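Taking the form solved without the partner chain, here's one chain by itself in structure tokens.
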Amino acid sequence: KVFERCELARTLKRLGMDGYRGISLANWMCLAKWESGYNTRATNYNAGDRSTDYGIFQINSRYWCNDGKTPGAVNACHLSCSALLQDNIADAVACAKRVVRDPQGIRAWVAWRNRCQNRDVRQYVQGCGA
């Protein structure tokens, strides 16, 4: 499913993402925007290391979810990567929460550093009533 901006903003707030481990809602919005375009079925195979990014937050199979074909991988979220491709984003959110519980926090996603860090991200949540 492709979420509309404010729809996603309100959904994430309801799932408790606002301020989770110090990360504001607008930052999560910026991340979802640049990672998937707010699309839950987005997948990206990385030919370089044989891992695949899944879902709205493009979570990587090498550490977070199990897809069986990624070599020397772990499954920290204890989820099949299939779970990160559902229209209902509850599992993707629970896994995103697990990712930021690691020392790097939101920095675990390089796209966040490139397109969100130190920028005015208010625009991603303006007018959404979230």
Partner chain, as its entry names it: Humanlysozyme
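Positions refer to the first chain, counted from 1.
- When 103 to 111 is weighed against 20 to 28, 103 to 111 comes out higher, by mean CA B-factor as recorded in the entry.
- As the entry records it, the average C-alpha temperature factor is higher for 42 to 50, out of 59 to 67 and 42 to 50.
- In this PDB entry, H78 carries a Cα temperature factor that places it within the highest third of its chain's modelled residues.
- Among all modelled residues in its chain, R10 ranks in the lowest third by Cα B-factor.
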